[PDB]
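This document opens with one chain alone, in structure tokens, the form deposited in one PDB entry.
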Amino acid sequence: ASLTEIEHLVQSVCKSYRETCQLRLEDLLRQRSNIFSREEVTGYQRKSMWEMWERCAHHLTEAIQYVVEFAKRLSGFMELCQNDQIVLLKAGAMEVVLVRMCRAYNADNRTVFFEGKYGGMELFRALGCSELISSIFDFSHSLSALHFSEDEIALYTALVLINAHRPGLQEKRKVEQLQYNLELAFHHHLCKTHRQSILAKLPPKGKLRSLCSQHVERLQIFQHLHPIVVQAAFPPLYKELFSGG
């Protein structure tokens, strides 16, 4: 792609990102002092493991629906065959959610916006996946230290999704070309805003895959203990992406 086309690509991705976020960044920032009390935290800690998993799977499913809408607005995504669209979303939707979540993370007090207020990782104790929760909090903390703009997250998440290395891609060369153009848009934007210093600080190739693999593993453990809860009370989209339907 030429220069004018790259700038158009940057504008298009940033607009697609802003239009596909449930909450405005300004809404999240204005809620920072709205923190769960010690009584409310104890309340979440006293919830049954199955109740907390159900609540978390519903919130993750809603976040994924927004990621699907984001993918659909990406130039070239809708021109790929359905097999490749599905391969990219199944491999990348959770990774996009993990990156987007730093917008709802307050590095000042290590809290996340969850169910209307900010709370620390202790809110999630009843899930019984402490190692995964602390790794997600560590990841959001590491991204927050980069001070990403909303435009930087938009371009980086388009790249998390448009990855030609995903196994199962039928039109690999077509995805390599969309990836190259998105990489140019991302690097052009960083060069234009004097933010190329972040390139070295972006998470390593393998960190997102590790977090996604841990999520799937913890789900399998929960599913063995509460199979009827997953079958009857988890969203169908969640099961499609994480437990093969």
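Start at 1 with the first residue shown and count on from there. Residues that one form lacks are left out of the comparison. Take the two forms, superpose them, and find the largest set of C-alpha atoms that agree within 1.5 Å; that set is the rigid core.
Asks: Test of understanding: from the entry's C-alpha B-factors, which stretch has the higher mean, 75 to 83 or 101 to 109?
Replies: Averaged over C-alpha atoms, the B-factors run higher in 75 to 83.
Asks: Can you tell me which stretch has the higher mean Cα B-factor, 204 to 212 or 185 to 193?
Replies: Higher of the two, by average CA B-factor, is 204 to 212.
Asks: Just say lowest, middle or highest third for the CA B-factor of residue 140 relative to the other modelled residues in its chain.
Replies: Ranked within chain, residue 140 CA B lands in the lowest tercile.
Asks: Would you please rank residue 121 by its C-alpha temperature factor against the other modelled residues of its chain and give the third it falls in: lowest, middle or highest?
Replies: CA B-factor rank for residue 121: middle third.
Asks: C-alpha B factor of residue 27, ranked within the chain: lowest, middle or highest third?
Replies: Highest third, going by the recorded CA B-factors of the chain.
Asks: Sorting by Cα B-factor within the chain, modelled residues only, which third would residue 47 end up in: lowest, middle or highest?
Replies: Its C-alpha B-factor, which the entry lists for residue 47, ranks in the middle third among residues of this chain.
Asks: Test of reading the entry: by CA B factor among the chain's modelled residues, which third contains residue 90?
Replies: For residue 90, whose C-alpha B-factor we compare with every modelled residue in the chain, the answer is the lowest third.
What comes next is about the form deposited in another entry, which is not displayed.
Asks: Determine, with the core as the superposition reference, the one member of 41, 219, 64, 52 that shifts its CA by 2 Å or more between the shown form and the other one.
Replies: Once the cores are aligned, the residue moving by 2 Å or more is 219.
Asks: Could you check, with the core superposed, whether the Cα atom of residue 10 shifts 2 Å or more between the shown form and the other one?
Replies: No, residue 10 moves less than 2 Å.
Asks: Are residue 60 and residue 228 closer or farther apart at their Cα atoms in that other deposited form than shown, with the shift being 3 Å or more?
Replies: Compared with the form shown here, the C-alpha atoms of residue 60 and residue 228 sit closer together in that other deposited form, by 3 Å or more.
Asks: Given a CA distance change of at least 3 Å, are residue 43 and residue 229 closer or farther in that other deposited form?
Replies: It is farther: in that other deposited form, the C-alpha atoms of residue 43 and residue 229 lie at least 3 Å more apart than they do here.
Asks: Do any runs of 3 or more residues shift their CA by 2 Å or more between the shown form and the other one on a core fit, and if so, which ones, in sequence order?
Replies: In sequence order there is one run that relocates between the shown form and the other one, which is 219 to 234.
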